[PDB]
């Protein structure tokens, strides 16, 4: 009953899952906690800051570079002065993308402090684009109404009355009123089912997970969550959302009131590999449908590489690997080197509105320190002729083969292996009908994966965290230094886990 000032409920919940541990040190793929006697217990980390730690915890190169930057008196706060490192970082990211996509496009960079902030830069810029489109359409409609009013009040044409269900001055004023309502309406964003794009006031609307989002629905523009698995259905859902404004269309003799398209949709967002969905990679059929939508609606396709970028999938850009051709791109997580906080929106230069450079800002964004560490991380992942990507791919193959070998002998409790590169997952089969009460009850609160993670922690000293909407997936996203021995120990631990779960051993799995 002692006063508590943070984290009571969070900690209460972690304890009950068997995840109530304090890690006191970390290096590479290992975090250490203290046992009863006060010695350090090594735990293998497969969570790794939800995929932030492509180079592991506290990589000596990154640590050394950070300490050097600090000792050089790097200018961290230099707001509203020249900061070339921002242009330098963007030049690198531009070259990488050209190399990997074969496209010779150019991107402007705006920096921020988290993946959510970078996605919301993209939301904001998208809505700057949508406002341009809207200004132009309405300028055109003014003119159409000017022209049709010259035709009607001087001779040449008559107002066809069949179209009035949609007096000259009254019809125009009615058209302006209708169009004004429409213009002030909140836009729509399009996302995939299971999408995770952040949990701030704007981005949370873009994140499916229902208990995270639905409390906050009234605050900000919504998204429509398109069904990734059935792209045939997306056409019509998006067709539903079409809205139109009104104008007067002259045809020499006849004037009609007619509907024109209003730009409702500010952006489409996609993750190349869909973390909130259990690490499912976007299929070629889904990519082609997102291209169609982007071409059809004329809004930007925003590719969220907060998790899939910086080498994780076996290239720098997961979008490049899977052939997703976005207009904006976002990066965060691994770009901070496992130690600092940084993110970036890349916005194609032929779409980029220059006002954004001067009307958007952030105190911490583009700071010297995280700029310097960015350039380090980019140097590291690019080094030795792109060998680091090769290494991610061969480590990933190894880890996925293990995981497949485990599914194969445990398909009664494991449905699928998902993902690519070193961004992988096991889908757990539903256990809401489980024989063991305690397991069944946990399945029914959506806590299953956390319980199973607890088992792995206490019995095998392996740190795994669940992914997906009801912790129905187990995440495996270690650093590229994950050893063959560490992968064996993980196989042994999972064979153990899923054998106990086959045996419905509730006493052993739930505390």
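Each form is matched to the other, and the largest set of C-alpha atoms that superpose within 1.5 Å is called the rigid core. Residue numbers count along the first chain shown, from 1.
- When the other structures are laid on the shown form by the core, the C-alphas of 342 to 350 and 307 to 315 differ in how far they drift in 8 other deposited structures of this protein; the larger average drift belongs to 307 to 315.
- Displacement analysis by core superposition in 8 other deposited structures of this protein ranks 188 to 196 above the other of 401 to 409 and 188 to 196 in root-mean-square C-alpha distance from the shown form.
- The modelled chain is continuous from residue 145 to residue 146, with every intervening residue of the deposited sequence accounted for.
- For the segment pair 309 to 317 and 364 to 372, the entry gives 309 to 317 the higher mean B-factor, averaged over Cα atoms.
- Checked against the record, the higher mean CA B factor of 496 to 504 and 11 to 19 lies with 496 to 504.
- Among 250, 72, 110, 299, the highest C-alpha B-factor in the deposited entry belongs to 250.
- Of the candidates 423, 172, 339, 223, the one whose C-alpha carries the top B factor in the deposited record is 172.
- Sorting the modelled residues of the chain by their CA temperature factor places residue 53 in the lowest third.
- In the PDB entry, a CA B factor belonging to the lowest third of its chain's modelled residues is recorded for residue 45.
- In the PDB entry, residue 85 places in the lowest third of its chain by CA B-factor.
- For residue 269, the recorded CA temperature factor ranks within the lowest third of the chain's modelled residues.
- Annotation for residue 357: CA B-factor lies in the middle third of the chain's modelled residues.
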